[PDB]
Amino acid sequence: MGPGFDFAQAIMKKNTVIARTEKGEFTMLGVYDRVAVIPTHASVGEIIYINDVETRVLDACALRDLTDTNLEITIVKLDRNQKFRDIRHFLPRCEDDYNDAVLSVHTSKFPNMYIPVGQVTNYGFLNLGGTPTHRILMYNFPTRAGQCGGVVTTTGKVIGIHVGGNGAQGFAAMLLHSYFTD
């Protein structure tokens, strides 16, 4: 409808795949080359389904901060025959608050879904499903099951992936440029 949704659409059309693990179907954001991210609670194994095709996982790393606290981001390298468009220049460098964010989801259940979630708070610490978690972003939308892995964007930035909600607020794990230097 407007330039928020325009940036979100451009990320979804080129930089997302449907990932299926034994824990369900997730929106998966491709970042560069064969490297993608998914919430750690997807429990990625040796094999994953990508757009319903059996795919070997070459590497999977569940990120933690330097205090050994969960960040709820898994970086996955896929044995895929195609690279993602490099979107690392759209990643923030520092922890921050944001105006006017969109949460975008693409699954079997929720195809081409875009939610204007509005203002995003640097929440920091959250007890997420009983796990102490850092670098959490919070928005006031009553987000539901099937939105995990959803991409959170502003105009010009990819700031996080949806990892949970409490019926009133949604929670995203931060994406930082420094996760994907190589």
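So that there is no doubt, residue numbering starts at 1 and follows the sequence shown.
Looking at mean Cα B-factors across 136-144 and 151-159, the upper value is held by 136-144. As the entry records it, the average C-alpha temperature factor is higher for 65-73, out of 65-73 and 29-37. By the numbers in the PDB entry, the CA B factor is greatest at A168 among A168, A172, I11, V17.
Per the PDB entry, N127 shows the highest C-alpha temperature factor of the residues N127, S43, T55, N51. Ranked by C-alpha B-factor against the other modelled residues of its chain, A101 falls in the middle third.
Placement of the Cα temperature factor of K109 within the chain: highest third of the modelled residues, per the deposited record. For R93, the recorded CA B-factor ranks within the highest third of the chain. Only modelled residues enter the ranking.
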